[PDB]
>>> print(open('final_3.cif').read())   # mmCIF, C-alpha atoms and all ligand atoms
data_query
#
loop_
_atom_site.label_atom_id
_atom_site.label_comp_id
_atom_site.auth_asym_id
_atom_site.auth_seq_id
_atom_site.Cartn_x
_atom_site.Cartn_y
_atom_site.Cartn_z
CA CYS N 1 13.82 13.08 -5.16
CA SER N 2 12.18 10.25 -3.15
CA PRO N 3 13.71 7.50 -5.38
CA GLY N 4 12.99 4.79 -2.79
CA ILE N 5 9.50 5.90 -1.76
CA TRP N 6 6.58 3.79 -2.97
CA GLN N 7 2.87 3.52 -2.23
CA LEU N 8 0.86 0.29 -2.05
CA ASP N 9 -2.90 0.00 -2.64
CA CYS N 10 -5.68 -2.55 -3.18
CA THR N 11 -8.41 -1.91 -5.72
CA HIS N 12 -11.41 -4.21 -6.09
CA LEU N 13 -12.71 -4.82 -9.62
CA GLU N 14 -15.02 -7.53 -10.99
CA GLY N 15 -14.89 -9.20 -7.57
CA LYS N 16 -11.11 -9.47 -7.90
CA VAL N 17 -8.23 -7.82 -6.04
CA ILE N 18 -5.74 -5.70 -7.97
CA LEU N 19 -2.65 -4.81 -5.96
CA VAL N 20 -0.90 -1.64 -7.11
CA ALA N 21 2.54 -0.16 -6.44
CA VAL N 22 3.18 3.48 -7.35
CA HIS N 23 6.70 4.91 -7.46
CA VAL N 24 5.65 8.26 -6.01
CA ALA N 25 8.33 10.42 -7.63
CA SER N 26 7.91 9.19 -11.23
CA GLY N 27 4.26 8.07 -11.22
CA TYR N 28 5.32 4.63 -12.48
CA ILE N 29 3.03 1.64 -11.85
CA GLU N 30 3.27 -2.06 -11.11
CA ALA N 31 0.09 -4.07 -10.63
CA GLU N 32 -0.83 -7.67 -9.99
CA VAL N 33 -4.22 -9.36 -9.78
CA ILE N 34 -4.19 -11.64 -6.73
CA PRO N 35 -6.61 -14.40 -5.59
CA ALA N 36 -7.03 -13.10 -2.03
CA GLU N 37 -6.48 -9.80 -0.21
CA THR N 38 -4.09 -11.56 2.19
CA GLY N 39 -0.86 -10.50 3.89
CA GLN N 40 0.90 -13.49 2.28
CA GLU N 41 0.01 -12.22 -1.19
CA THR N 42 0.87 -8.61 -0.35
CA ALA N 43 4.25 -9.69 1.06
CA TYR N 44 5.13 -11.90 -1.91
CA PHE N 45 4.30 -8.88 -4.09
CA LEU N 46 6.59 -6.66 -2.04
CA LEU N 47 9.46 -9.13 -2.43
CA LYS N 48 9.12 -9.08 -6.21
CA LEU N 49 9.01 -5.29 -6.15
CA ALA N 50 12.04 -4.97 -3.90
CA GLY N 51 14.18 -7.32 -5.95
CA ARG N 52 13.60 -5.09 -8.96
CA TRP N 53 13.76 -1.56 -7.51
CA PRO N 54 15.75 0.11 -4.67
CA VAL N 55 12.84 0.37 -2.24
CA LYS N 56 13.49 2.26 0.99
CA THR N 57 9.98 3.10 2.16
CA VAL N 58 6.45 1.83 1.56
CA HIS N 59 3.30 3.87 2.27
CA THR N 60 0.17 1.84 3.06
CA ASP N 61 -3.15 2.08 4.88
CA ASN N 62 -4.28 0.21 8.02
CA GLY N 63 -5.34 -2.66 5.74
CA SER N 64 -5.19 -5.93 7.68
CA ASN N 65 -3.19 -7.25 4.72
CA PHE N 66 -0.68 -4.39 5.11
CA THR N 67 -0.47 -4.56 8.91
CA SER N 68 0.07 -8.32 8.52
CA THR N 69 3.16 -9.96 9.99
CA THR N 70 4.12 -11.51 6.64
CA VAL N 71 4.42 -8.01 5.17
CA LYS N 72 6.40 -6.86 8.23
CA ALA N 73 8.75 -9.83 7.76
CA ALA N 74 9.31 -8.95 4.09
CA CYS N 75 10.06 -5.33 5.01
CA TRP N 76 12.52 -6.20 7.78
CA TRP N 77 14.25 -8.72 5.54
CA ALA N 78 14.67 -6.35 2.61
CA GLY N 79 15.28 -3.27 4.78
CA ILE N 80 12.11 -1.41 3.83
CA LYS N 81 10.62 1.06 6.30
CA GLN N 82 6.82 0.90 6.32
CA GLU N 83 4.84 4.12 6.87
CA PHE N 84 1.14 4.14 7.79
CA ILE N 85 -1.37 11.69 -4.21
CA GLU N 86 -3.52 8.82 -5.54
CA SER N 87 -4.25 10.10 -9.05
CA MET N 88 -2.02 7.42 -10.65
CA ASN N 89 -4.29 4.80 -9.05
CA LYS N 90 -7.51 6.44 -10.26
CA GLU N 91 -6.01 6.97 -13.73
CA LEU N 92 -5.16 3.27 -13.84
CA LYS N 93 -8.80 2.36 -13.17
CA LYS N 94 -9.87 4.66 -16.01
CA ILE N 95 -7.49 3.04 -18.51
CA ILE N 96 -8.56 -0.46 -17.44
CA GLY N 97 -12.15 0.58 -18.17
CA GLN N 98 -11.06 1.90 -21.58
CA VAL N 99 -9.21 -1.25 -22.63
CA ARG N 100 -11.33 -3.76 -20.71
CA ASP N 101 -13.25 -5.13 -23.71
CA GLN N 102 -10.05 -5.54 -25.75
CA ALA N 103 -9.09 -8.58 -23.65
CA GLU N 104 -10.92 -11.58 -22.24
CA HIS N 105 -9.34 -11.75 -18.78
CA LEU N 106 -9.29 -8.78 -16.39
CA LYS N 107 -5.63 -9.53 -15.61
CA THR N 108 -4.74 -9.01 -19.29
CA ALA N 109 -6.61 -5.70 -19.29
CA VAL N 110 -4.80 -4.61 -16.12
CA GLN N 111 -1.34 -5.31 -17.53
CA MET N 112 -2.33 -3.65 -20.82
CA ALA N 113 -3.40 -0.58 -18.85
CA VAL N 114 -0.19 -0.54 -16.80
CA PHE N 115 1.80 -0.66 -20.05
CA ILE N 116 -0.29 2.12 -21.57
CA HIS N 117 0.16 4.25 -18.44
CA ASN N 118 3.92 3.81 -18.02
CA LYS N 119 4.62 4.39 -21.75
CA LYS N 120 2.38 7.44 -22.29
CA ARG N 121 4.14 10.79 -22.89
CA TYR N 122 8.47 12.30 -20.77
CA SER N 123 6.87 8.98 -19.73
CA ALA N 124 6.69 7.51 -16.22
CA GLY N 125 8.64 4.47 -17.41
CA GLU N 126 11.40 6.89 -18.42
CA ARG N 127 11.13 9.13 -15.36
CA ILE N 128 11.66 6.23 -12.94
CA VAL N 129 14.77 4.85 -14.65
CA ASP N 130 16.09 8.41 -14.92
CA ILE N 131 15.50 9.10 -11.22
CA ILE N 132 16.99 5.82 -9.96
CA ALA N 133 19.91 6.19 -12.38
CA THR N 134 20.79 9.76 -11.35
CA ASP N 135 20.63 8.59 -7.73
CA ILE N 136 23.15 5.78 -8.35
CA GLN N 137 25.38 7.94 -10.62
CA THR N 138 25.51 11.00 -8.33
CA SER P 1 21.84 -4.58 -26.25
CA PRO P 2 19.37 -2.10 -24.62
CA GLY P 3 16.08 -3.95 -25.21
CA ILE P 4 17.53 -7.43 -25.76
CA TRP P 5 16.20 -10.02 -23.31
CA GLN P 6 16.26 -13.80 -22.88
CA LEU P 7 13.41 -15.98 -21.60
CA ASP P 8 13.78 -19.43 -19.99
CA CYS P 9 11.86 -22.08 -18.02
CA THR P 10 13.45 -23.97 -15.16
CA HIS P 11 11.62 -26.90 -13.61
CA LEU P 12 12.07 -27.36 -9.86
CA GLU P 13 10.06 -29.34 -7.30
CA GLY P 14 7.51 -30.11 -10.03
CA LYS P 15 6.99 -26.37 -10.52
CA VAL P 16 7.78 -24.02 -13.41
CA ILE P 17 9.95 -20.99 -12.75
CA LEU P 18 9.98 -18.54 -15.67
CA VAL P 19 13.05 -16.30 -15.92
CA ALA P 20 13.80 -13.14 -17.89
CA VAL P 21 17.41 -11.97 -18.24
CA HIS P 22 18.29 -8.50 -19.50
CA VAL P 23 21.33 -9.69 -21.44
CA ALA P 24 23.35 -6.45 -21.25
CA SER P 25 23.11 -5.89 -17.48
CA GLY P 26 22.60 -9.46 -16.23
CA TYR P 27 19.44 -8.35 -14.40
CA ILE P 28 16.77 -10.95 -13.57
CA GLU P 29 13.01 -11.19 -13.23
CA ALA P 30 11.42 -14.50 -12.30
CA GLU P 31 7.94 -15.83 -11.64
CA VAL P 32 6.76 -19.25 -10.50
CA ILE P 33 3.74 -20.22 -12.59
CA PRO P 34 1.17 -23.05 -12.19
CA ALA P 35 1.59 -24.46 -15.71
CA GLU P 36 4.21 -24.27 -18.48
CA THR P 37 1.62 -22.78 -20.83
CA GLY P 38 1.74 -20.12 -23.55
CA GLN P 39 -0.97 -18.17 -21.68
CA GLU P 40 1.25 -17.91 -18.60
CA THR P 41 4.37 -17.11 -20.63
CA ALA P 42 2.48 -14.37 -22.51
CA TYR P 43 1.01 -12.81 -19.36
CA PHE P 44 4.57 -12.74 -18.01
CA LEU P 45 5.83 -11.01 -21.15
CA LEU P 46 3.14 -8.34 -20.84
CA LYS P 47 4.21 -7.52 -17.30
CA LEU P 48 7.84 -7.40 -18.41
CA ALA P 49 7.13 -5.16 -21.37
CA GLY P 50 5.07 -2.68 -19.37
CA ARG P 51 8.06 -2.18 -17.10
CA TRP P 52 11.05 -2.22 -19.49
CA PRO P 53 11.60 -1.00 -23.09
CA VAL P 54 11.94 -4.52 -24.49
CA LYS P 55 12.61 -4.73 -28.21
CA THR P 56 13.69 -8.33 -28.74
CA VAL P 57 13.19 -11.59 -26.85
CA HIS P 58 15.36 -14.70 -27.27
CA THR P 59 13.68 -18.05 -26.54
CA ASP P 60 13.91 -21.74 -27.40
CA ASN P 61 11.49 -23.86 -29.45
CA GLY P 62 9.47 -24.38 -26.24
CA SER P 63 5.84 -25.04 -27.16
CA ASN P 64 5.01 -22.34 -24.60
CA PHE P 65 7.28 -19.85 -26.43
CA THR P 66 6.16 -20.81 -29.94
CA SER P 67 2.55 -20.39 -28.67
CA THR P 68 0.41 -17.70 -30.42
CA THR P 69 -0.64 -16.22 -27.04
CA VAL P 70 3.05 -15.30 -26.81
CA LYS P 71 3.12 -14.23 -30.48
CA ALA P 72 0.04 -12.06 -29.84
CA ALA P 73 1.71 -10.40 -26.84
CA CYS P 74 4.84 -9.69 -28.90
CA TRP P 75 2.97 -8.19 -31.84
CA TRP P 76 0.81 -6.11 -29.49
CA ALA P 77 3.76 -4.67 -27.58
CA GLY P 78 6.80 -3.83 -29.70
CA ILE P 79 8.61 -7.12 -29.47
CA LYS P 80 10.54 -9.08 -32.08
CA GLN P 81 10.93 -12.71 -31.06
CA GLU P 82 14.15 -14.56 -31.95
CA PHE P 83 14.56 -18.34 -31.80
CA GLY P 84 18.10 -18.56 -33.13
CA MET P 85 23.13 -15.77 -14.84
CA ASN P 86 20.50 -18.49 -15.25
CA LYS P 87 22.78 -21.15 -13.74
CA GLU P 88 23.86 -18.73 -10.99
CA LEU P 89 20.18 -18.19 -10.16
CA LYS P 90 19.66 -21.92 -9.66
CA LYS P 91 22.67 -22.02 -7.34
CA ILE P 92 21.38 -19.16 -5.16
CA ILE P 93 17.90 -20.72 -4.98
CA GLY P 94 19.54 -23.90 -3.71
CA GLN P 95 21.48 -21.87 -1.14
CA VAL P 96 18.46 -20.03 0.25
CA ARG P 97 15.89 -22.77 -0.37
CA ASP P 98 15.56 -23.95 3.24
CA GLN P 99 15.21 -20.37 4.53
CA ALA P 100 11.64 -20.22 3.20
CA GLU P 101 8.66 -22.57 3.10
CA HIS P 102 7.49 -21.95 -0.47
CA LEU P 103 9.76 -22.32 -3.48
CA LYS P 104 8.36 -19.06 -4.88
CA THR P 105 9.61 -17.20 -1.79
CA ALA P 106 13.05 -18.74 -2.26
CA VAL P 107 13.07 -17.77 -5.93
CA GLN P 108 12.25 -14.12 -5.24
CA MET P 109 14.81 -14.06 -2.42
CA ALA P 110 17.40 -15.38 -4.88
CA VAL P 111 16.43 -12.83 -7.55
CA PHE P 112 16.86 -10.05 -4.98
CA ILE P 113 20.22 -11.43 -3.89
CA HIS P 114 21.37 -11.66 -7.51
CA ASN P 115 20.25 -8.21 -8.69
CA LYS P 116 21.67 -6.46 -5.59
CA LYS P 117 25.06 -8.22 -5.48
CA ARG P 118 28.17 -6.28 -6.57
CA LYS P 119 31.74 -6.99 -7.61
CA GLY P 120 33.27 -4.07 -5.65
CA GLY P 121 32.00 -2.84 -9.93
CA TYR P 122 28.25 -2.25 -9.75
CA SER P 123 25.14 -4.43 -9.30
CA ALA P 124 22.91 -5.73 -12.11
CA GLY P 125 19.99 -3.78 -10.66
CA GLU P 126 22.12 -0.66 -11.10
CA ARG P 127 23.56 -1.61 -14.50
CA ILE P 128 20.12 -2.03 -16.07
CA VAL P 129 18.74 1.32 -14.88
CA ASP P 130 22.01 2.94 -15.98
CA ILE P 131 21.78 1.37 -19.44
CA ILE P 132 18.10 2.17 -20.01
CA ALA P 133 18.60 5.68 -18.63
CA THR P 134 21.58 6.53 -20.87
CA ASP P 135 19.52 5.23 -23.80
CA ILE P 136 16.07 6.75 -24.52
CA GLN X 1 -5.27 1.55 -35.90
CA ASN X 2 -3.47 -1.64 -37.06
CA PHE X 3 -5.60 -4.72 -36.35
CA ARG X 4 -4.40 -8.34 -36.03
CA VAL X 5 -6.77 -11.31 -36.18
CA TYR X 6 -5.91 -14.64 -34.61
CA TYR X 7 -8.24 -17.22 -36.11
CA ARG X 8 -9.78 -20.68 -36.47
CA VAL X 9 -5.73 -24.49 -32.25
CA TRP X 10 -5.23 -20.75 -32.90
CA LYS X 11 -3.58 -19.17 -35.95
CA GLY X 12 -2.21 -15.66 -36.55
CA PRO X 13 -1.39 -12.90 -36.95
CA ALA X 14 -3.46 -12.38 -40.11
CA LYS X 15 -4.20 -9.02 -41.76
CA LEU X 16 -7.68 -7.48 -41.41
CA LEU X 17 -9.56 -6.84 -44.68
CA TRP X 18 -13.27 -6.72 -43.84
CA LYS X 19 -15.24 -7.64 -40.70
CA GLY X 20 -18.94 -8.42 -41.16
CA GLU X 21 -22.06 -9.40 -39.19
CA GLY X 22 -21.07 -13.05 -38.62
CA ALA X 23 -17.58 -13.41 -40.16
CA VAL X 24 -14.28 -11.68 -41.00
CA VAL X 25 -12.35 -11.97 -44.27
CA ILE X 26 -8.59 -12.11 -43.79
CA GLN X 27 -5.21 -13.12 -45.15
CA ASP X 28 -1.51 -13.41 -44.32
CA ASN X 29 0.66 -15.52 -46.68
CA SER X 30 -1.60 -15.35 -49.77
CA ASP X 31 -4.49 -17.60 -48.78
CA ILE X 32 -7.47 -15.29 -48.28
CA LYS X 33 -10.18 -16.89 -46.13
CA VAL X 34 -13.34 -16.10 -44.17
CA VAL X 35 -13.87 -17.31 -40.59
CA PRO X 36 -16.98 -16.86 -38.36
CA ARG X 37 -16.64 -13.74 -36.20
CA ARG X 38 -16.39 -15.07 -32.66
CA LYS X 39 -13.42 -17.40 -32.98
CA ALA X 40 -11.01 -15.10 -34.86
CA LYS X 41 -10.25 -12.47 -32.18
CA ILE X 42 -9.11 -9.05 -33.38
CA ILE X 43 -6.55 -7.27 -31.23
CA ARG X 44 -5.02 -3.99 -32.38
CA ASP X 45 -1.52 -2.71 -31.58
CA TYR X 46 -0.33 -0.04 -29.13
CA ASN S 1 20.33 -10.40 12.31
CA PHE S 2 17.91 -13.30 13.02
CA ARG S 3 14.26 -12.33 13.47
CA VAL S 4 11.71 -14.66 15.05
CA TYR S 5 7.99 -14.50 14.29
CA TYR S 6 5.98 -16.73 16.57
CA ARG S 7 2.55 -17.87 17.70
CA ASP S 8 2.13 -17.65 21.45
CA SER S 9 -1.38 -19.06 21.71
CA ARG S 10 -3.61 -21.06 19.34
CA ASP S 11 -3.10 -18.44 16.61
CA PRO S 12 -4.60 -14.92 16.86
CA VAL S 13 -1.75 -13.70 14.63
CA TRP S 14 2.02 -14.16 14.16
CA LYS S 15 3.81 -11.89 16.64
CA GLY S 16 6.24 -9.29 15.45
CA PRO S 17 10.05 -9.54 15.16
CA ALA S 18 11.61 -10.98 18.32
CA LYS S 19 15.28 -11.61 19.07
CA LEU S 20 16.59 -15.18 18.99
CA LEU S 21 18.32 -16.12 22.25
CA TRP S 22 18.48 -19.89 21.82
CA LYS S 23 17.08 -22.44 19.39
CA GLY S 24 16.76 -26.06 20.48
CA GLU S 25 15.19 -29.20 19.02
CA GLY S 26 11.67 -28.64 20.33
CA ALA S 27 11.69 -24.99 21.41
CA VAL S 28 13.03 -21.49 20.87
CA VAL S 29 13.77 -18.89 23.52
CA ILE S 30 13.20 -15.39 22.19
CA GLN S 31 13.12 -11.87 23.55
CA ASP S 32 10.23 -9.65 22.50
CA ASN S 33 11.00 -6.16 23.78
CA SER S 34 11.82 -6.79 27.47
CA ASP S 35 10.11 -10.18 27.65
CA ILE S 36 11.84 -13.55 27.43
CA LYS S 37 9.44 -16.11 25.94
CA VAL S 38 9.51 -19.78 25.00
CA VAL S 39 7.62 -21.21 22.06
CA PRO S 40 7.84 -24.61 20.33
CA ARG S 41 10.17 -24.71 17.33
CA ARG S 42 7.10 -25.56 15.23
CA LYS S 43 5.40 -22.30 16.25
CA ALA S 44 8.42 -20.24 15.23
CA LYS S 45 9.43 -18.72 11.89
CA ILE S 46 13.11 -17.72 12.00
CA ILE S 47 14.27 -15.48 9.15
CA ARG S 48 17.79 -14.11 8.65
CA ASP S 49 17.98 -10.51 7.41
CA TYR S 50 19.40 -9.86 3.94
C1 LIG N 201 4.96 -18.82 4.21
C2 LIG N 201 5.50 -17.70 5.06
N1 LIG N 201 4.96 -17.58 6.27
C3 LIG N 201 5.41 -16.59 7.10
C4 LIG N 201 4.82 -16.47 8.38
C5 LIG N 201 5.22 -15.49 9.24
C6 LIG N 201 6.22 -14.58 8.87
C7 LIG N 201 6.81 -14.67 7.64
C8 LIG N 201 6.43 -15.68 6.72
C9 LIG N 201 6.99 -15.83 5.40
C10 LIG N 201 8.00 -14.84 4.90
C11 LIG N 201 7.55 -13.55 4.66
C12 LIG N 201 8.40 -12.56 4.19
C13 LIG N 201 9.70 -12.87 3.93
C14 LIG N 201 10.18 -14.18 4.16
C15 LIG N 201 11.52 -14.50 3.92
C16 LIG N 201 11.96 -15.77 4.17
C17 LIG N 201 11.07 -16.71 4.63
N2 LIG N 201 9.78 -16.43 4.87
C18 LIG N 201 9.32 -15.17 4.64
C19 LIG N 201 12.44 -13.42 3.40
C20 LIG N 201 11.70 -12.27 2.75
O1 LIG N 201 10.53 -11.84 3.46
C21 LIG N 201 6.50 -16.85 4.58
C22 LIG N 201 7.00 -17.04 3.17
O2 LIG N 201 5.90 -16.97 2.27
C23 LIG N 201 5.26 -15.68 1.92
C24 LIG N 201 6.27 -14.74 1.29
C25 LIG N 201 4.25 -16.15 0.89
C26 LIG N 201 4.56 -14.98 3.07
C27 LIG N 201 7.74 -18.37 3.06
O3 LIG N 201 7.64 -19.04 2.01
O4 LIG N 201 8.39 -18.69 4.04
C1 LIG N 202 -7.41 -15.34 -23.58
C2 LIG N 202 -6.51 -14.99 -24.72
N1 LIG N 202 -6.51 -15.86 -25.72
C3 LIG N 202 -5.71 -15.64 -26.81
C4 LIG N 202 -5.74 -16.57 -27.86
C5 LIG N 202 -4.96 -16.39 -28.97
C6 LIG N 202 -4.12 -15.26 -29.08
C7 LIG N 202 -4.08 -14.34 -28.08
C8 LIG N 202 -4.88 -14.50 -26.91
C9 LIG N 202 -4.90 -13.58 -25.82
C10 LIG N 202 -4.02 -12.37 -25.89
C11 LIG N 202 -2.65 -12.53 -26.02
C12 LIG N 202 -1.80 -11.44 -26.09
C13 LIG N 202 -2.31 -10.17 -26.04
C14 LIG N 202 -3.70 -9.99 -25.93
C15 LIG N 202 -4.24 -8.70 -25.88
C16 LIG N 202 -5.60 -8.54 -25.78
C17 LIG N 202 -6.40 -9.66 -25.71
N2 LIG N 202 -5.91 -10.90 -25.75
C18 LIG N 202 -4.56 -11.09 -25.86
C19 LIG N 202 -3.29 -7.52 -25.97
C20 LIG N 202 -1.91 -7.91 -25.50
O1 LIG N 202 -1.44 -9.11 -26.13
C21 LIG N 202 -5.72 -13.83 -24.73
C22 LIG N 202 -5.72 -12.91 -23.52
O2 LIG N 202 -5.26 -13.61 -22.38
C23 LIG N 202 -3.86 -13.99 -22.18
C24 LIG N 202 -3.04 -12.75 -21.85
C25 LIG N 202 -4.00 -14.91 -20.99
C26 LIG N 202 -3.22 -14.75 -23.33
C27 LIG N 202 -7.11 -12.35 -23.21
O3 LIG N 202 -7.39 -12.16 -22.00
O4 LIG N 202 -7.87 -12.13 -24.17
#
>>> encode(input="final_3.cif", output="structure tokens")
Amino acid sequence: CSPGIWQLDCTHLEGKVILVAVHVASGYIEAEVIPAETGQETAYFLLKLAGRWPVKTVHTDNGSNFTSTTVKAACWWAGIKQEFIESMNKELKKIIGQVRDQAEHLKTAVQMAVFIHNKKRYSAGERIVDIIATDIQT
Amino acid sequence: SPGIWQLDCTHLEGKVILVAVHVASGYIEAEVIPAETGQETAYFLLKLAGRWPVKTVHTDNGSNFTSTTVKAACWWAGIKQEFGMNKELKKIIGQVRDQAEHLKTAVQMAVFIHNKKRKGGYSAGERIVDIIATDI
Amino acid sequence: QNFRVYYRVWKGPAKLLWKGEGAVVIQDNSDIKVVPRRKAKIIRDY
Amino acid sequence: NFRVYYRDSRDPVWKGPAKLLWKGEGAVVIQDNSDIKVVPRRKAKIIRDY
């Protein structure tokens, strides 16, 4: 079921930092292109995520940005436990590559690719709402 | 109602908070942006649309909302734009404002508070997922 | 593949007719016109 | 309930959640695990849980 389990990752692309959240159960994606691979940025991301989804647990690496105290603060505040497969991340890279030339800015390509990924079919966008919904309703 | 949203700009502390309300559920997304531009508005809309099945967006005659960048985003995704919980959000931001350094942090705190709050009688965060889920 | 051109401070969407070496011929309301290629971006739909 | 994050030197790194014992004009007394500690108010981030 794992409705509250997410995974957080940093990709580097075109000397920029894409931050990616995967809802493990559904395969659904959120991504944001951030100016620095900092704990501040990671934590502000996590807040946005948590205000939108029931997030119980976040899986991350030993990234200095993820072991940062700002992230810890966010987690404690919102009641997220932090723990210390990644095909949805690699697929995202692929799609970005595919659509990259369709848009000027990398950020636009990233969000295009997220949209493509979540909507493709059934879909991850549907699976997540279904999962979260069944968990509230039963 | 499933797929109907409303978009608004608040100005606060010489900053531009951009707010999306899912009209049916009362659910909120907000982002503090550096400029009240059409580029920024449109990039917001893309993020929103990749996450929710959004059919129609209600906005004002804001130059940022009548901007083609926004029009482009709408046409690209599925979205009809119409031209013909926000006030509560402001209140909550005011309440929590001093708890955080940056306005953006206060805004996201307030969004979280708003979406998770109940009337004990479900929360907006729950109502939206329920609505979207029952649809499809 | 439905393509939308935004053209020359930007105008659109206008309907794709023909795209050529250095310009693209297009129209929306009734006014057909030709604009040089690089400032009349073409973005498809999903 | 209240969590204190603090810098207890120049600034290697903010130190993890510590319990607030007392907050006064120029200082805060906190307990980090077993250890009572005193830091200036200005080196202390005090956040209330949701
Ligand atoms: C600047 C800062 N600096 C910090 C330094 C050390 C520890 C936390 C921060 C925090 C902080 C982190 C996580 C939170 C916070 C909350 C309230 C207030 N501050 C924070 C509730 C939600 O989660 C913050 C906040 O800013 C970021 C979110 C950009 C890091 C803030 O504006 O206070
Ligand atoms: C720079 C620009 N400049 C513009 C100028 C005029 C009109 C649109 C843009 C667009 C544009 C708008 C909406 C879209 C786009 C897509 C691909 C490429 N560009 C866009 C698919 C999703 O919807 C864009 C895009 O950038 C923003 C998202 C910051 C606006 C882009 O990176 O090409």
>>> closest_residue(input="final_3.cif", among="P:75, P:83, P:65, P:122", to="ligand LIG 202 (chain N)", atoms="all atoms listed in the file")
P:75
>>> residues_near_ligand(input="final_3.cif", ligand="ligand LIG 202 (chain N)", cutoff="8 Å", atoms="all atoms listed in the file", output="JSON, numbers by chain")
{"N": [102, 103, 104, 105, 106, 107, 108, 109, 112], "P": [38, 39, 40, 42, 43, 46, 68, 69, 70, 71, 72, 73, 74, 75, 76, 77], "X": [6, 7, 10, 11, 12, 41, 43, 44, 45]}
>>> write_last_selection(input="final_3.cif", atoms="C-alpha atoms", output="PDB file, in the frame of the given file")
ATOM      1  CA  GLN N 102     -10.050  -5.540 -25.750  1.00  0.00           C
ATOM      2  CA  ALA N 103      -9.090  -8.580 -23.650  1.00  0.00           C
ATOM      3  CA  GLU N 104     -10.920 -11.580 -22.240  1.00  0.00           C
ATOM      4  CA  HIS N 105      -9.340 -11.750 -18.780  1.00  0.00           C
ATOM      5  CA  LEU N 106      -9.290  -8.780 -16.390  1.00  0.00           C
ATOM      6  CA  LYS N 107      -5.630  -9.530 -15.610  1.00  0.00           C
ATOM      7  CA  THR N 108      -4.740  -9.010 -19.290  1.00  0.00           C
ATOM      8  CA  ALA N 109      -6.610  -5.700 -19.290  1.00  0.00           C
ATOM      9  CA  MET N 112      -2.330  -3.650 -20.820  1.00  0.00           C
TER      10      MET N 112
ATOM     11  CA  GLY P  38       1.740 -20.120 -23.550  1.00  0.00           C
ATOM     12  CA  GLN P  39      -0.970 -18.170 -21.680  1.00  0.00           C
ATOM     13  CA  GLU P  40       1.250 -17.910 -18.600  1.00  0.00           C
ATOM     14  CA  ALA P  42       2.480 -14.370 -22.510  1.00  0.00           C
ATOM     15  CA  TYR P  43       1.010 -12.810 -19.360  1.00  0.00           C
ATOM     16  CA  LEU P  46       3.140  -8.340 -20.840  1.00  0.00           C
ATOM     17  CA  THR P  68       0.410 -17.700 -30.420  1.00  0.00           C
ATOM     18  CA  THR P  69      -0.640 -16.220 -27.040  1.00  0.00           C
ATOM     19  CA  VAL P  70       3.050 -15.300 -26.810  1.00  0.00           C
ATOM     20  CA  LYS P  71       3.120 -14.230 -30.480  1.00  0.00           C
ATOM     21  CA  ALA P  72       0.040 -12.060 -29.840  1.00  0.00           C
ATOM     22  CA  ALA P  73       1.710 -10.400 -26.840  1.00  0.00           C
ATOM     23  CA  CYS P  74       4.840  -9.690 -28.900  1.00  0.00           C
ATOM     24  CA  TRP P  75       2.970  -8.190 -31.840  1.00  0.00           C
ATOM     25  CA  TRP P  76       0.810  -6.110 -29.490  1.00  0.00           C
ATOM     26  CA  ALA P  77       3.760  -4.670 -27.580  1.00  0.00           C
TER      27      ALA P  77
ATOM     28  CA  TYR X   6      -5.910 -14.640 -34.610  1.00  0.00           C
ATOM     29  CA  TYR X   7      -8.240 -17.220 -36.110  1.00  0.00           C
ATOM     30  CA  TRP X  10      -5.230 -20.750 -32.900  1.00  0.00           C
ATOM     31  CA  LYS X  11      -3.580 -19.170 -35.950  1.00  0.00           C
ATOM     32  CA  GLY X  12      -2.210 -15.660 -36.550  1.00  0.00           C
ATOM     33  CA  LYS X  41     -10.250 -12.470 -32.180  1.00  0.00           C
ATOM     34  CA  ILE X  43      -6.550  -7.270 -31.230  1.00  0.00           C
ATOM     35  CA  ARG X  44      -5.020  -3.990 -32.380  1.00  0.00           C
ATOM     36  CA  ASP X  45      -1.520  -2.710 -31.580  1.00  0.00           C
TER      37      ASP X  45
END
>>> residues_around(input="final_3.cif", residues="residue 29 (chain P)", least_positions_apart="2", cutoff="12 Å", atoms="only C-alpha atoms", output="PyMOL selection string")
(chain N and resi 47-53) or (chain P and resi 5-9+17-23+26-27+31-32+44-45+47-49+51-52+85-86+89+107-115+124-125+128)
>>> residues_near_ligand(input="final_3.cif", ligand="ligand LIG 201 (chain N)", cutoff="7 Å", atoms="all atoms listed in the file", output="compact mmCIF listing (two decimals) with C-alpha atoms, in the frame of the given file")
# COMPACT_ATOMS: atom_id res chain seq x y z
CA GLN N 40 0.90 -13.49 2.28
CA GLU N 41 0.01 -12.22 -1.19
CA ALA N 43 4.25 -9.69 1.06
CA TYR N 44 5.13 -11.90 -1.91
CA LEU N 47 9.46 -9.13 -2.43
CA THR N 69 3.16 -9.96 9.99
CA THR N 70 4.12 -11.51 6.64
CA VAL N 71 4.42 -8.01 5.17
CA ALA N 73 8.75 -9.83 7.76
CA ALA N 74 9.31 -8.95 4.09
CA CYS N 75 10.06 -5.33 5.01
CA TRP N 77 14.25 -8.72 5.54
CA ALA N 78 14.67 -6.35 2.61
CA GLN P 99 15.21 -20.37 4.53
CA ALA P 100 11.64 -20.22 3.20
CA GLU P 101 8.66 -22.57 3.10
CA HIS P 102 7.49 -21.95 -0.47
CA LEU P 103 9.76 -22.32 -3.48
CA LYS P 104 8.36 -19.06 -4.88
CA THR P 105 9.61 -17.20 -1.79
CA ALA P 106 13.05 -18.74 -2.26
CA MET P 109 14.81 -14.06 -2.42
CA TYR S 5 7.99 -14.50 14.29
CA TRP S 14 2.02 -14.16 14.16
CA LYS S 45 9.43 -18.72 11.89
CA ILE S 47 14.27 -15.48 9.15
>>> closest_atom_pairs(input="final_3.cif", of="chain S", to="chain N", cutoff="8 Å", atoms="only C-alpha atoms", output="tab-separated table")
residue	atom	partner	partner_atom	distance
S:5	CA	N:69	CA	7.9
S:13	CA	N:69	CA	7.7
S:14	CA	N:69	CA	6.0
S:15	CA	N:69	CA	7.0
S:16	CA	N:69	CA	6.3
S:17	CA	N:73	CA	7.5
S:47	CA	N:77	CA	7.7
S:48	CA	N:77	CA	7.2
S:49	CA	N:77	CA	4.5
S:50	CA	N:77	CA	5.5
